[PDB]
Amino acid sequence: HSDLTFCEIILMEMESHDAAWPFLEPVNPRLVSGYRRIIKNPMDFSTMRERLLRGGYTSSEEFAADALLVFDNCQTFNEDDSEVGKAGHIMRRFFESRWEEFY
Ligand SMILES: CC(=O)N(c1cc(O)ccc1C)c1cn(C(C)=O)c2ccccc12
Ligand SMILES: [Mg+2]
């Protein structure tokens with residue numbers, strides 16, 4: 001139980017983070033050229049929220065893998081000096097820091 005309660009805390013904190021705006025919604029491949037071809041396993045906070053609210057996370061490690069997937073995809077598709085890349089570096093450092101601040 002305590003494993004999944006922290007997942008809720010950190011996802012809520014990521015959802016309300018100032019830098020979360022690229023990650024709240026699944027990328028629309030119709031509007032983002034090349035996204036379908038380049039990113040094999042899309043992930044975003046709303047997709048993690050759906051899975052967490054339906055109980056679909058077995059452990060905290062499945063949850064973190066989805067979180068790290070958001071930021072791996074971000075760095076794969078976006079330049080580090082792009083607006084989205086900069087937002088994702090902020091969010092990745094937040095997650096890694098807060099996740100270690102617990103375990
Ligand atoms: C910033 C923004 O609003 N995006 C977005 C775009 C959509 O069409 C639908 C939903 C979202 C969340 C984009 C997210 N991107 C990521 C995560 O690489 C992007 C990478 C490149 C361009 C936009 C985004
Ligand atoms: Mg480190």
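Pairing each residue of the range 76-90 that is at negative phi and within 10 Å of ligand 1 (Cβ to nearest atom) with any residue that is among the polar types (S, T, N, Q) and part of a loop (DSSP other than H, G, I, E, B), provided the two are 6+ apart or on different chains, yields C-beta distances under 6 Å for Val84/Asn78; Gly85/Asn78.
Assess whether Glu15 counts as being within 10 Å of the chain's Cα centre (by Cα) and away from ligand 1 (no atom under 12 Å from the Cβ). Against the criterion (within 10 Å of the chain's Cα centre (by Cα) and away from ligand 1 (no atom under 12 Å from the Cβ)), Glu15 qualifies. Quick one: in the range 26-69, which of the residues that are among the basic types (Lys, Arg) and assigned to a helix (DSSP H, G or I) is farthest from ligand 1 (Cβ to nearest atom)? Applying the filter and picking the extreme gives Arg51. For the range 64-90, filtered to residues that are more than 19 Å from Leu52 (Cα to Cα) and among the hydrophobic types (A, V, I, L, M, F, W, C), the residue that is surrounded by the most Cβ atoms within 10 Å (Cβ to Cβ) is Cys74. Taking first residues from the range 32-44 that are closer than 22 Å to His17 by Cβ and partners that are assigned to a loop (DSSP other than H, G, I, E, B), the Cβ contacts under 8 Å between residues at least 6 apart in sequence or on separate chains come to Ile39/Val27; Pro42/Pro26; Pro42/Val27; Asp44/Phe23; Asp44/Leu24; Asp44/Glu25; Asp44/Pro26; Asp44/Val27.
Within the range 1-20, which residues are polar (S, T, N, Q) and not in a helix (DSSP H, G or I)? Passing the criteria: only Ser16.
Answer yes or no as to whether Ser82 is farther than 15 Å from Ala20 by Cβ, in contact with a helix residue (DSSP H, G or I) (Cβ under 6 Å, 6 or more places away or on another chain) and of a type in the set (S, T, N, Q). Break it down stepwise before answering.
Working: farther than 15 Å from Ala20 by Cβ: yes; in contact with a helix residue (DSSP H, G or I) (Cβ under 6 Å, 6 or more places away or on another chain): no; of a type in the set (S, T, N, Q): yes.
Judged against the criteria, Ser82 is not a match.
Hey, among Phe95, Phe23, which residue is buried (at least 17 other Cβ atoms within 10 Å of the Cβ), outside any loop (DSSP other than H, G, I, E, B) and either among the hydrophobic types (A, V, I, L, M, F, W, C) or under 10 Å from the mean Cα position of the chain (by Cα) (or both)? Exactly one of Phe95, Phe23 is buried (at least 17 other Cβ atoms within 10 Å of the Cβ), outside any loop (DSSP other than H, G, I, E, B) and either among the hydrophobic types (A, V, I, L, M, F, W, C) or under 10 Å from the mean Cα position of the chain (by Cα) (or both), namely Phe95. Scanning the range 47-94 for residues that are touching an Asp or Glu at 6+ places or on another chain (Cβ under 9 Å) and of a type in the set (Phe, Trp, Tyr) yields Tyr57, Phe63, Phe71, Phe94.
The numbers here are math on the coordinates, done by the rules we state, and not lab data. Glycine also receives a Cβ, built like all others from the backbone with ideal geometry; neighbour counts cover every protein chain displayed.
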